[PDB]
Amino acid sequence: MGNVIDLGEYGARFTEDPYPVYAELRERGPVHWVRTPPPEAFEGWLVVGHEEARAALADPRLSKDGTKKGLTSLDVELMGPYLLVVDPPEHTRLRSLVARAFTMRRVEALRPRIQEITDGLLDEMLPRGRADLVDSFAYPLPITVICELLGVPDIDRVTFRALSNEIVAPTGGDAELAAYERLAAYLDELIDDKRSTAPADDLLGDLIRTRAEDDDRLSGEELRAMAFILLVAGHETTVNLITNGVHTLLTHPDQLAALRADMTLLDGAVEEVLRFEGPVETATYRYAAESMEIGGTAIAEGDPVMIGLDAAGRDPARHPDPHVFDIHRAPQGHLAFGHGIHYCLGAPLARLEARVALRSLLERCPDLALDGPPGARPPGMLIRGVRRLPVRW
């Protein structure tokens, strides 16, 4: 317990642009005690260096499961135990039930369908000459893809969106509480309706049959929490990827022109976007399961640790000229998806969605431009991006 820097006190220059602070801090060291901005201005360690971001993602002394300390956060209570709030051996078991669904091989078999979705959205959007890229394009593609994968297409997406939006960028203690208890219910309703059809040849179908079987493979509260995460992690991350993409592209016409000149560079741009504006700014819940250290810095048992994945993406030791967006940038290991046991299950899917989305849009909009200012940034440290992206072509 000592000198805290309150990130609130940087105002909203820091929400809009966290990097010159991240940098300032990274020069002073790799790890520092921090109160995050309001609302729900949380405190604990922030990791801002790559090498330490990487290594703390792998450190077996960091836990994600607070019930081992007697604490029991909301999402745990109302959703259940899910992938990001458990450690091995339960992590392993729950993970094994869904890994085969999300391999490169299987994800590639969705290409034609993701392409077809993208074509219909651009068809629908193009003729009106201008729009919110999010409502019109970048939201519906992932939320349609993930609902089809599960599969549950007649879902109320708008209720879903708003609940999902709240739980990843909480506006306050009550709203948060409300949305969690509202989504728990919605999910309970959803699962039952899926149980009430029979021949569900799909991951949630498979998942409901697994729970019903009297192995501890999958509990009822785990089944709810699985679908919570599959649906939510699919959604805001990928919307933001696609949107941060186009946004940074159009704020860097050098590179965009470079890219249209040679569309083989496309995938290398996506990787630069993921480095430079990675949709997950700050990694999810971790605390010290024992006394340990990260820099020279002693972290005591109990302290939370927050790994700055976007902070690491602009480490100059790892990424020379970190504040420059270069497609032709030298192979450039980032941490946008994590590392270690909880490395993103959706990475191949995300990469596919985002690549197909961005190619098709750029092919079908030679004159795409901003028009003009982008919408509100959600609150909290989890998500990096904007809710509305007004665009024209």
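Counting begins at 1, following the sequence as shown.
TODO: Decide which of the stretches 356 to 364 and 63 to 71 has the higher mean C-alpha B-factor, going by the entry.
DONE: The entry gives the higher C-alpha B-factor average to 63 to 71.
TODO: Report the stretch with the higher mean CA temperature factor, choosing between 319 to 327 and 135 to 143 on the basis of the entry.
DONE: Higher mean C-alpha B-factor in the PDB entry: 319 to 327.
Open item on the list: Among the choices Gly220, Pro199, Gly120, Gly308, identify the one whose CA B-factor in the record is greatest.
Closed with: In this record, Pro199 carries the highest C-alpha B-factor of the candidates.
TODO: Could you check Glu148, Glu281, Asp154, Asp87 and tell me which one carries the biggest Cα B-factor in the deposited entry?
DONE: When the deposited C-alpha B-factors of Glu148, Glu281, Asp154, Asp87 are compared, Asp154 is largest.
TODO: Name the third of the chain's ranked CA B-factors that contains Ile383, choosing lowest, middle or highest.
DONE: Its C-alpha B-factor, which the entry lists for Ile383, ranks in the lowest third among residues of this chain.
Task: Cα B factor band for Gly333 (lowest, middle or highest third within the chain) - done: Lowest third.
TODO: Using the B-factors in the PDB entry, rank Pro37's C-alpha atom against the chain and give the third, lowest, middle or highest.
DONE: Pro37: CA B-factor falls in the middle third of its chain.
TODO: Grab the CA temperature factor for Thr251 from the record and place it in the lowest, middle or highest third of its chain.
DONE: Middle third - that is where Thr251 ends up once the chain's C-alpha B-factors are sorted.
TODO: Tell me, lowest, middle or highest third: where does the Cα B factor of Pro112 rank within its chain?
DONE: Bottom third by C-alpha B-factor.
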